[PDB]
DNA sequence: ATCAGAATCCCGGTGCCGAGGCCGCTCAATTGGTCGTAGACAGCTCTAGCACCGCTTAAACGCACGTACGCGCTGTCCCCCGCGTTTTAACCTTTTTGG
C-alpha cells in the first residue's frame, strides 16, 4: 500500500481519489497526496495529544468534545487556526 | 437494533501503455531601481489657553434575593365506535269426525 511505502497511517489512495473526484485540477501529481496526508496526520496527532492531556487533567481515560474544545481554545496556534468553528458540547473556557 | 462475526466483491494496488504539461534554455526589452537637482508645502518646535476627563458626592430606583403562585408536557376521566346478541317483523305451511 502507498501508506506503508511512506511510513504513514493515513490513506494515500483515498486522498488521491478525493483529489481526483473533487474537480480541483486536470491532473494531480504524485507528491501532493503524500505531503497532504503527512500534514493532516501531523495536525491530528497534535490535536489528539493536547486533547489527551486535557482529558487526563480531568482524570478521564476517554476524550469527549469538552476536552477537544479546551485543547483548541487553550492552544494559541490552534485557536488562531480554528477561530471561527463552534464545537457542539464544547462549552466555553472559565473566564471571569 | 445496534453490535460482532462469516463470506465475498469492488476498490486500492500492480502492470503496462500514451500523450502532453511543463521543465529548460535562450532571447527580448520594459520597467524598476538609482541617483541628482530644485521648489516649496508640509512637518515641527513651541507657546498658550481652556475644555474635558476624571475623581468625588448624592439620589434612587430598579435588579437581585427571596417567598408565593403559574402553566403546557405529562397523568386521569370520558365521547366515540365496531361489533355482538337481541328485539321485532312478514311470511309460509298444514290441517280441519266416522261409516
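Residue numbers (the deposited numbering): 16 to 111.
Backbone N, C-alpha and C fix where the C-beta goes; we use that ideal spot for every residue, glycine too.
Item to check | DSSP three-state assignment for residue 40, whether helix, strand or coil | outcome: coil
Next on the checklist: Would residue 23 and residue 69 qualify as a contact pair, given that the criterion is a beta-carbon distance under 8 Å?
Outcome noted: no
Item to check | Segments assigned beta strand (DSSP E), at least 3 residues, entirely inside the region 47 to 74 | outcome: none
Item to check | Cα-Cα separation, residue 101 to residue 18 | outcome: The alpha-carbon atoms of residue 101 and residue 18 are separated by roughly 32 Å.
Item to check | Three-state secondary structure assigned by DSSP to residue 87 | outcome: In the structure shown, residue 87 adopts helical secondary structure according to DSSP, grouped into three states.
Item to check | C-alpha gap between residue 94 and residue 61, whole angstroms | outcome: 13 Å
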